[PDB]
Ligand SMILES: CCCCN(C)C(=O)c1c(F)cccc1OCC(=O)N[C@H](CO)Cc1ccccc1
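The data below hold one chain only, encoded as structure tokens and taken in the form solved without the named molecule.
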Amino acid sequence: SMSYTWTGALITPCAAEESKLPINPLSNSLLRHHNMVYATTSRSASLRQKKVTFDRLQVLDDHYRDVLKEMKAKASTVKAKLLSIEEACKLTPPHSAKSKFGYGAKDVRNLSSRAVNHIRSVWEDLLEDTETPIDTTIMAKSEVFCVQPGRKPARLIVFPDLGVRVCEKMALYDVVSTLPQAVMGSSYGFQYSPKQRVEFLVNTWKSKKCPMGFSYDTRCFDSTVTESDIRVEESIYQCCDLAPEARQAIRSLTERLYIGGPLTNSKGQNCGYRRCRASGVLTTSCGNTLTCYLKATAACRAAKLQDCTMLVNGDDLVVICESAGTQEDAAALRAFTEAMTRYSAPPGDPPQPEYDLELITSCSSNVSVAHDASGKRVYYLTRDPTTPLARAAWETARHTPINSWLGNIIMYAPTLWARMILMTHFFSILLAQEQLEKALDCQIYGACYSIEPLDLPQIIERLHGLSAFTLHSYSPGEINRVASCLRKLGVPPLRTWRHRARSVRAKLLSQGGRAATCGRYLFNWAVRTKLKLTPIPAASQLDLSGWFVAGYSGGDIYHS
């Protein structure tokens, strides 16, 4: 069927939308080429719609079915807990889109009578009405990018009302947080922290006689997800031991919301109909991961690839297997893409066999190596800094709900560009505004957390280890990329940053407290007189577990 059907009504903005980076005295320190930074707007919606709209082709086979049963069998071991209206409400981000029923995020978190009561009525309805399609809202998402040799059309987000959202949590939060793991084990990418992911990729890579791996980019994954896929997805959830209410709610949500439903723009006008995956629902991350793993694992058997190892992150896939030779590999890969196309997962860019792990890009990032104080190699996860930087500039010129810059300092603390550009630039700004202890909200694997900037040394040591503060001698390839990128965006030369770092470090130390620990550990690269960085107390007294359990991107989750 058609992934989409449009009435003709326009995907309307919900207010004034900014596309150009505003000129702020602070933005220029980071990059001078501000006209290269742009935020997507609803004005490009039409372009997007044309690309995500199309008829799907899906042919299932014996391999698909075999793998499915293997996954169901494992799911069978799971027992899911129904969440209480209270627990579910506490998971709602304080800035989630208000309900069209006289209550918003605050009320929900404040267990407000109106909020709690509508949510109850919504839940009741999910238990009685097993058919009526639930209304969803469609918006053009605003995201910042750097123009590439033209621009990207806004992505489209579809989500149900706040009421519905809380009910989703009630019925599926425990499932989407534990099932993926139970079904895919070490293949579930969200169980890993950046360091653990690298560990998994390197271990998996060395365990091969002659390793070969590729990244498989699926063309607009969400729109390739079919009614069948989503029902196969539910069949897996139905294998869990569930409370009657939770079970009915999963069945009703599947038929009324997940398989598709009406689309309404911000003006309350009917826009069309969705017959594929919505981006703004709780099962998006879990469902795409399950669906992508199922298809790839089956495709691999079909393509006769040898000893495949999947690493799935929603719609993101990276496969590492036993090479059977250059030609054979190239052929098995094409066979794999065809198996995937039949399964309704056509490729965006054709996949390419990689024989060098650093060249494989998965989850918009790759594995690279540098050296610690001792001089021993240390592997870390990095990525092209273009978007992180572009956004960092946007987040400097304007106040923003989430802070990608902070989320990036955390996930990419070991990286050359994160330590030289982001830490320097942002700490220097925080001092200028006397706001080091002010908690900031940022997202890790889609879920929001409030983090105090001054706890960055502990966090980093905990997730990455002390080497993150001493890494040097990066790879030629990594150095080249960062350099090319920094020059492209017009970012101050190395020398300009070292000077700014020496100054920020000094300013920080002369404050003691947690602000001093930041100066010693984070900017230890600036000074010639290195420091014997020892373990940090607060670092061991940390529990960053919830951080890397599952994916919730689009699920509207917030961890208090």
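Basically, rigid core = biggest C-alpha set you can superpose within 1.5 Å across the two forms. Numbering starts at 1 and follows the sequence shown.
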item	value
RMS CA shift, core-fitted in 5 other deposited structures of this protein, bigger for 105-113 or for 474-482	474-482
493-501 against 39-47 - segment lying farther from this form in 5 other deposited structures of this protein (CA RMS, rigid core fit)	493-501
Flanks modelled, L21 absent in at least a third of other entries	no
Residue gap status of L542, at least a third of other entries	yes
Extent of unmodelled deposited sequence, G477 relative to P476	none
Mean Cα B-factor comparison, 191-199 or 428-436, giving the higher one as deposited	428-436
Higher-B stretch (mean Cα B-factor, as the entry records it), 504-512 or 49-57	504-512
Residue selected from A526, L68, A39, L494 by maximal Cα B factor	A526
Options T254, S228, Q458, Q238 - largest CA temperature factor per the record	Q458
Ranked C-alpha temperature factor of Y173 among modelled chain residues, by third	lowest
Third of the chain's Cα B-factor distribution that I157 belongs to, per the entry	middle
Ranked C-alpha temperature factor of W205 among modelled chain residues, by third	middle
Within-chain third of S99 by Cα B-factor, per the entry	highest
Third assignment of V122 from its chain's C-alpha B-factors	lowest
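The discussion below concerns the form solved in complex with the named molecule, not included here.
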query: Open or blocked, the named molecule overlaid from its pose in the deposited complex onto this form, 2.4 Å backbone/C-beta test; finding: blocked
query: Touches the named molecule in the deposited complex: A296 (any heavy atom, 4.5 Å); finding: no
query: Contact label in the deposited complex: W123 to the named molecule, heavy atom within 4.5 Å; finding: no
query: Heavy atom of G189 within 4.5 Å of the named molecule in the deposited complex; finding: yes
query: Exercise: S365 in contact with the named molecule in the deposited complex, heavy atom 4.5 Å; finding: yes
query: Residue (of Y445, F336, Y173, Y103) lying close to the named molecule in the deposited complex, criterion heavy atoms within 4.5 Å; finding: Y445
query: The single option of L162, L242, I410, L305 touching the named molecule in the deposited complex, heavy atom within 4.5 Å; finding: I410
query: Segment assignment from 445-453, 91-99, 178-186, 108-116: heavy atom within 4.5 Å of the named molecule in the deposited complex; finding: 445-453
